[PDB]
Every structure is written in C-alpha cells, then in structure tokens.
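In the block that follows, a single chain appears as structure tokens, in the form deposited in one PDB entry.
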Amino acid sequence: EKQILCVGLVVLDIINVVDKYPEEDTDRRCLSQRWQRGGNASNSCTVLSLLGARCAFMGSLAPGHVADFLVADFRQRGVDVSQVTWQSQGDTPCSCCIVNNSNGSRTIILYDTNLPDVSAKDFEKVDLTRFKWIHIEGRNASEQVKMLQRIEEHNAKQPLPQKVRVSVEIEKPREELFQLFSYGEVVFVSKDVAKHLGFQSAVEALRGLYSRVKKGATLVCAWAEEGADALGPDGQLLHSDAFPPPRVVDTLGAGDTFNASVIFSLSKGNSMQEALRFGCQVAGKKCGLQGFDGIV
C-alpha cells in the first residue's frame, strides 16, 4: 500500500522526431510529433508506474491547457498528484525537443522560466507514513535540504521496518545543489556534475566524491552508453555495462528511466549490483523506443 514519492519538476515535452536536423531558416515536415509528460521526477513516476509500483508526484503546476494535459496524463498512469503545489498564476514550462532518428541525437529547447518549486512549507504537509521511498530531484536546494531533514527527524522516531528510504538526484552542475550530497541513502550524480567537479570517468567520480555522501549511503554515477557505476559503504566499486538497443532512437528520459528502475529494484530488496544491472537494462530498452510505454 505504501507508495514511492518523487519530488521535482514536471514539464510538457513537445517532441519532434526528424530524419535530419532542421536547417536554420527552413520549413520541413517532421516524421512524427507528440505531446509527452516530462521532467525528471515526473518521468521517474511514469517508469515506476509502468514497473508496477504505486507512486506519487510532488511538483508545481499552474492553470492552463498545459497543466490540463499533464494532469490527465498523470491520471492515466495512476500517479497521485494530490500534493502538487498549484500556483495561482504562471506558465507551466514546456520543452521543445528535436529527436534526430538518423543519429539518435536529442536536442532540448528548455522553457525560459519555471514555476516556483515545491517549498519546505509545502512538503511539511505531506503524510510521510504514506511512502516507503521518497526521491528528490535536486532543484531548490535550500528548501529541499529542509525537506530531507524533516524525513530524517521522522525516521528517527520510526522502527527499522517503517523508516522511509530516501534518494536524491544531483544532475545540474550548480554549486548550491551540492549541499544535497550529504542526504539520502542513494545519491544519483550526473556525468555533467562529475566532470564539473573534475572527474572524467564514473570510477574516478565515485572515488573522488564518496566523502561527500552521508554515512552508509551509496553513490551512483550513470555514464550514458558506458553504463553505470556505484560505490557504497562496503567499499566495492560496482559497474554494469549499458544494454544498448539495436538502434538508438529516443534517449529523452533515459536517465529518469535508470533512476526509477534502480529505485524500483532496491525497493524490492535487490542488491545494488542487481539494481544497477536492472537500471541499465530498462533504460537501454527505453532508448530503442519512443516514450516510456514500450518498456513494459
């Protein structure tokens, strides 16, 4: 009955599949175009739902056609959005994406602004006993640090079988987000963050960044087509190769698929080695199809 909660961003992705990258100053038909619910935390809710886990999303929405599409899509997947922060006004962000079918490239034109992120005041109203796992996409670090501290104070009063497991994603190389390294039992660190901090390989990143994580936590670093690596308190450097499809056609959300699949596998009691393998398997399969529905 307990759900998995993901806190972070939801956007509307308008995805244009093309057979060649558009030439500036021209008009040309795409191969296909679709509206797709996006955002890191939102995409991980999609994959968790497809994998069979009841999950909830916490993010910001503003009234309009965009939010109406997103709410209906959330409902279709069975993702709980009762804790979404509804802003009085604003523009729900929309990403225009160009997916080149010929070379597998992914180009994202991101919205110029975002709605205000979920506040710690917002998060304080959440009944934490509803959830066995809470994943936070690193965005507004000062507010999210307070959220993570609230979960720690909650867990201090709970016995072992009723503690809420926590994971965080640190994807953008913004110094403020690095306060999140010291929270959660699993920390997903992006390749962009690793390179920004001076590491040019997943193995180097784990060795160099492990001192930042909380006592007993596991650091996870996915490295695109090179697979994914992890380092936990037992001191073993773990690695899974990627599972590339015969033809890479859609990598948008592949990292979100990896994140959700690792969470799913760990929530079912699997080892980090198996969860890393499972995450690359599901994410690699996703890269060979459009959207997420085909991962099954």
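Throughout, we count residues from 1 along the sequence that is shown. Whichever C-alpha set is largest while still superposing within 1.5 Å between the two forms counts as the rigid core.
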As stated in the PDB record, which stretch has the larger average Cα B-factor, 124-132 or 199-207?
199-207
Comparing 52-60 with 243-251, which has the greater mean CA B-factor as deposited?
243-251
Which one of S261, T26, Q33, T46 shows the top CA temperature factor in the record?
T26
Highest recorded Cα temperature factor - choice among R75, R174, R139, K214:
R174
Third assignment of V17 from its chain's C-alpha B-factors:
middle
Per the entry's values, where does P233 land by CA temperature factor relative to the rest of its chain, in the lowest, middle or highest third?
highest
Going by the recorded CA B-factors, say which third of the chain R150 sits in, lowest, middle or highest.
middle
Name the third of the chain's ranked CA B-factors that contains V166, choosing lowest, middle or highest.
lowest
Cα B factor band for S102 (lowest, middle or highest third within the chain):
highest
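FYI, the form deposited in another entry isn't displayed, but the following is about it.
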Once you overlay the rigid core, does the Cα of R247 travel 2 Å or further between this form and the one not shown?
no
